[PDB]
Amino acid sequence: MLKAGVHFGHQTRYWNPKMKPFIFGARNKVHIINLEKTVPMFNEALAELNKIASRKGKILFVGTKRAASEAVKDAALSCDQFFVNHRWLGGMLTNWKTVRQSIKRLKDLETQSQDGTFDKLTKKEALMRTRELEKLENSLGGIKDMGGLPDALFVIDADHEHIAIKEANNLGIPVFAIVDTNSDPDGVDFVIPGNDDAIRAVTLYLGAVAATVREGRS
Amino acid sequence: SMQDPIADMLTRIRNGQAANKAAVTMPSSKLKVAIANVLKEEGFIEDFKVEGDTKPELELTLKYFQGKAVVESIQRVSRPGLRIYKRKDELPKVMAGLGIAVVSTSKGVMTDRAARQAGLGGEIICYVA
Amino acid sequence: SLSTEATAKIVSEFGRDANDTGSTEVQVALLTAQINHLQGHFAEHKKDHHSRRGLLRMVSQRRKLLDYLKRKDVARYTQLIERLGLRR
RNA sequence: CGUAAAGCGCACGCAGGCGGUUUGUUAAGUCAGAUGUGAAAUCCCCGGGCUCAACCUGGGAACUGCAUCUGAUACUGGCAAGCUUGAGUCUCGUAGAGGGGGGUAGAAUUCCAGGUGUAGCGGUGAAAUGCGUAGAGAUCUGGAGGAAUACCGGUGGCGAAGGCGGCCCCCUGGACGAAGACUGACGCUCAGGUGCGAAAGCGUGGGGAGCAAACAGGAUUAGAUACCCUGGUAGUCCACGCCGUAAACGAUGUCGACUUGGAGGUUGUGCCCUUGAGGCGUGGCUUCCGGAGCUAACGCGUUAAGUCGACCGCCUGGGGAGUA
RNA sequence: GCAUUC
Ligand SMILES: [Mg+2]
Ligand SMILES: [Mg+2]
Ligand SMILES: [Mg+2]
Ligand SMILES: [Mg+2]
Ligand SMILES: [Mg+2]
Ligand SMILES: [Mg+2]
Ligand SMILES: [Mg+2]
Ligand SMILES: [Mg+2]
Ligand SMILES: [Mg+2]
Ligand SMILES: [Mg+2]
Ligand SMILES: [Mg+2]
Ligand SMILES: [Mg+2]
Ligand SMILES: [Mg+2]
Ligand SMILES: [Mg+2]
Ligand SMILES: [Mg+2]
Ligand SMILES: [Mg+2]
Ligand SMILES: [Mg+2]
Ligand SMILES: [Mg+2]
Ligand SMILES: [Mg+2]
Ligand SMILES: [Mg+2]
Ligand SMILES: [Mg+2]
Ligand SMILES: [Mg+2]
């Protein structure tokens, strides 16, 4: 609901003219979002996500900024959905069949680590190849078990993750994004105006969406 | 100097449609109201209004369908530098009848279809798509 | 350009009253007064081209106003030129 | 028509083209109908006849035009009365290398006279020509003369363009702001025409410190009619007149309307005002980066090369040739 | 410092 936080936008000189409808005022040289307008749109997106969750769809969370890398993982653990909390590799979806091999490598690398066959006297086997695990785990760990393209995209910043937005539009996947004053609209089907970096705001967003999916999933 | 109030009028709709403006305002005139009156008839503009007596101002409420401008294209045909007069049988059709050309007949400003039905010619003002 | 005292005198002489500064005769009279005054200026400043450009602007403006006055009503135009002693 | 061929160097302007808004009136343009005419053939459409076809032939349409008559009055034009937003005048202020004339100051270069003083100075990649024991260069004092105005000085300002920098006075043009009053379309553009127009150049008469085509010498080089060096005339300066050309460039004609933004500079102005080398608005000019859109691309992008309108200029493969 | 040509 219309609680504290979120309303704090970016500085006026970094604003994007396209979101003139969604701004309320330039308080203290900082734009503040029209919350009363945000709530109907936020609820709409939440309702749409529930409908997508109702049909056993898959929604993937995209947060790259350090302020949200840890939070998105918690959302992916509260529910059973997927996420990307580090750098979003170009072509995650356009050529998913190419990175699919990279996912397979994790399954083999994970198998050796868990089964103990990598515990050999050579440090090339023990360290040189094992270090690739977190390299691909921190990079593809949250996308391991998608098994294909998602059914909806949740983005914490429509501009910082502009690469993710562009790929979703090309594939036609529905896009839900937290769009801050400086971000670019018209690339997101359902735009959620508000702050993207405030910890109390990001936690509320991913925490809120993580609840509708579970009830919608039933 | 401003020599084409009609052309400036049409330009504002074209510019307003491109900019996704809800409405555009400009100085009012009986001829402009005549053009504005016909345009509202077919649904190209949601409505028009005139405000002021000594300084009348014409405001047109533009409309959009599926997020794109309803007026696909609008161009001035008759100009002060070169004016166009068509007979009853020479009335043009825009987009093979999907569009309409505003014709200033002796009975008043009306669409080409109306002028053809009434059987009068006159000035071809503009084409609306 | 022209002193305020001289400007007021012309306005009160050619116009209907002292606050009617828009009358065509007033405008022509003001321009004619300055043009006549500048005659001495360019008599000795023969090479002063930049200010001479402004003078021709007043000359052209006066001719444009006179033509309008003639078109609207010849009667007043004939009287105005006689009093100003121009159009020779 | 920014860079491929193409925006006059820039202005003022007659003829011409075009023109804000309201009412009445005219019915010229325009539109409708009718009449006369638009020869026949040909083309055209439906038929007929040569065995079919070509060909011939009946009727129709067509001949997009012109003239007259009868009507319509939206639009353009004519006429009459209006209106204030275009444009212009007035009042009060502000900034500025805007222009013309006169005066004056300081630093510096060169030259002239004199003192001190002794063997070098000057110059180059190196060197020499050159200057100097007839006392140079250096250093100090006085004097003469010409030119340009360090710092300020800034993609700062002004002007139509060219262009315009010390200070002061005289004459003078334009621009902008604040409200208020006044005229009431008096406007925009412009062939021909006319005016202005860097530098170089030409004519007459002055002036001439520095700089410097030409020219001379010394070098460099295979040569060096150059680059470098030492000298140096016209010119550069002033008055008047002529020349009218520049990559005279934003390689982008002028005027008006419309169309997301961001950061500065410059020059007015309103307002909150005690919590000032403050806070929020509103004009003019100007620099940079960028959105839609546009463009062959580069890029332009509210100061358009975007979306429109009025008028003018100009282009039509390269060379020959902006030449005969 | 100078230093051409195919
Ligand atoms: Mg070229
Ligand atoms: Mg060219
Ligand atoms: Mg030019
Ligand atoms: Mg008119
Ligand atoms: Mg008639
Ligand atoms: Mg015939
Ligand atoms: Mg037959
Ligand atoms: Mg026949
Ligand atoms: Mg009329
Ligand atoms: Mg000419
Ligand atoms: Mg010269
Ligand atoms: Mg000379
Ligand atoms: Mg001489
Ligand atoms: Mg020399
Ligand atoms: Mg030329
Ligand atoms: Mg120049
Ligand atoms: Mg330049
Ligand atoms: Mg040119
Ligand atoms: Mg002009
Ligand atoms: Mg740009
Ligand atoms: Mg020649
Ligand atoms: Mg040879």
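Note that these values count all heavy atoms, side chains included, but never hydrogens, waters or copies made by symmetry. Letters go in sequence order (proteins before strands), and every chain restarts at 1.
When Watson-Crick and G-U wobble pairs are counted only if both distances are under 3.5 Å, D/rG210 pairs with D/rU236. In this structure, E/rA3 makes no Watson-Crick or G-U wobble pair, since no nucleotide meets both defining distances under 3.5 angstrom. Pairing partner, D/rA40: none, since no Watson-Crick or wobble contact has both distances short of 3.5 Å. Applying the Watson-Crick and G-U wobble criteria (two distances, each under 3.5 Å), D/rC314 pairs with nothing in any strand. Pairing for D/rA80 is with D/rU23, a Watson-Crick or G-U wobble pair whose two hydrogen-bonding atom distances lie under 3.5 Å. Of the nucleotides present, D/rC255 is the one that pairs with D/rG309 by Watson-Crick or G-U wobble criteria, both distances under 3.5 Å. Across the strands present, D/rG293 finds its partner in D/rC300; the criterion is a Watson-Crick or G-U wobble pair with both atom distances under 3.5 angstrom. The partner of D/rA107 is absent, by the rule that a Watson-Crick or G-U pair needs both atom distances under 3.5 Å.
Among the heavy atoms of the strands, none lies under 4.0 Å from B/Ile6. Using a 4.0 Å heavy-atom criterion, one finds that C/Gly54 contacts the sugar-phosphate atoms exclusively. Contact annotation for C/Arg53: base contact, defined as any heavy-atom pair under 4.0 Å involving a base atom. Residue-level contact check: B/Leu10 touches neither bases nor backbone, having no heavy atom under 4.0 Å from any strand. Across all strands, B/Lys30 comes closer than 4.0 Å only to sugar-phosphate atoms, never to a base (heavy-atom distances). Residue C/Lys70 is classed as having no contact, given no heavy-atom separation below 4.0 Å to the nucleic acid. Residue contacts shown for B/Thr105 include a base, since a base heavy atom lies under 4.0 Å away. At the heavy-atom level, B/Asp4 lies under 4.0 Å from the strands shown only through sugar-phosphate atoms. Residue contacts shown for C/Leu56 are absent, as no nucleic acid heavy atom lies under 4.0 Å away. As judged by a 4.0 angstrom heavy-atom cut-off over every strand, C/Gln61 is placed among residues touching the sugar-phosphate backbone only. Here C/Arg52 lies out of heavy-atom contact (under 4.0 Å) with every strand. Across all strands shown, B/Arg87 has heavy atoms under 4.0 Å from sugar-phosphate atoms exclusively, and none from any base. Contact annotation for C/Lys72: no contact, since no heavy-atom pair falls under 4.0 Å across all strands. Among the atoms of the strands shown, only primed sugar atoms or phosphate atoms (P, OP1, OP2) are found under 4.0 Å from some heavy atom of C/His49.
When the nucleotides D/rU76, D/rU85, D/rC90 are ranked by their closest atom to the side chain of B/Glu123, D/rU76 comes out on top. The side chain of A/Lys20 sits closest to D/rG261 out of D/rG261, D/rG187, D/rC308. Of the candidates D/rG241, D/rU85, D/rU91, D/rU85 carries the atom nearest the B/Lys55 side chain, counting heavy atoms from C-beta on. Considering only the side chain of B/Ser106, D/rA74 comes nearest among D/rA74, D/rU307, D/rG13. Proximity note for C/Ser60 (side chain, C-beta onward) versus D/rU85, D/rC12, D/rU307: the nearest is D/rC12. Comparing atom distances between the C/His45 side chain and each of D/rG100, D/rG309, D/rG306 picks out D/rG100 as nearest.
For D/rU274, the base is syn relative to its sugar; the glycosidic angle is within 90° of 0. By the rule that a glycosidic angle within 90° of 0 means syn, D/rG210 does not qualify and counts as anti. Here D/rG19 is in the anti range [glycosidic angle more than 90° from 0].
No salt bridge links B/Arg79 with B/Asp4; every basic N to acidic carboxylate O contact stays at or beyond 4.0 Å. Between C/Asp67 and C/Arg71, no side-chain nitrogen of the basic residue sits less than 4.0 Å from a carboxylate oxygen of the acidic one, so the salt-bridge criterion is not met. Salt bridge annotation for A/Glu161-A/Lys65: absent, with no cationic side-chain nitrogen under 4.0 angstrom from a carboxylate oxygen.
A/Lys51 NZ: 12 or fewer foreign heavy atoms inside a 6.0 Å radius.
A Watson-Crick or G-U wobble pair links D/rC10 to D/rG195, both relevant atom distances lying under 3.5 Å. A Watson-Crick or G-U wobble pair links D/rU37 with D/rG65, each of its two atom distances being under 3.5 Å. Between D/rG173 and D/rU230 there is no base pair of the Watson-Crick or G-U wobble kind with both of its two distances under 3.5 Å. For the criterion of Watson-Crick or G-U wobble pairing, both bonds shorter than 3.5 Å, the nucleotides D/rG244 and D/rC164 do not count as partners. With both atom-pair distances required to fall under 3.5 Å, a Watson-Crick or G-U wobble pair links D/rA297 to D/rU3.
Projected onto RNA chain D by closest heavy-atom contact, A/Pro17 and C/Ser51 fall at different nucleotides, the more 5' of which corresponds to C/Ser51. The 5' end of RNA chain D is approached more closely, in terms of each residue's nearest nucleotide, by C/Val26 than by the other of B/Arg79 and C/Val26.
Using a 4.5 Å heavy-atom threshold, the side chains of A/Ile52 and A/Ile59 count as touching.
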Check: Going through the checks in order, is the ring-ring contact (aromatic ring centres under 6.0 Å, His included) test met by A/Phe176 and A/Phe154?
Finding: CA-CA 5 Å; A/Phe176 307 77; A/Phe154 188 55; 7.7 Å; no
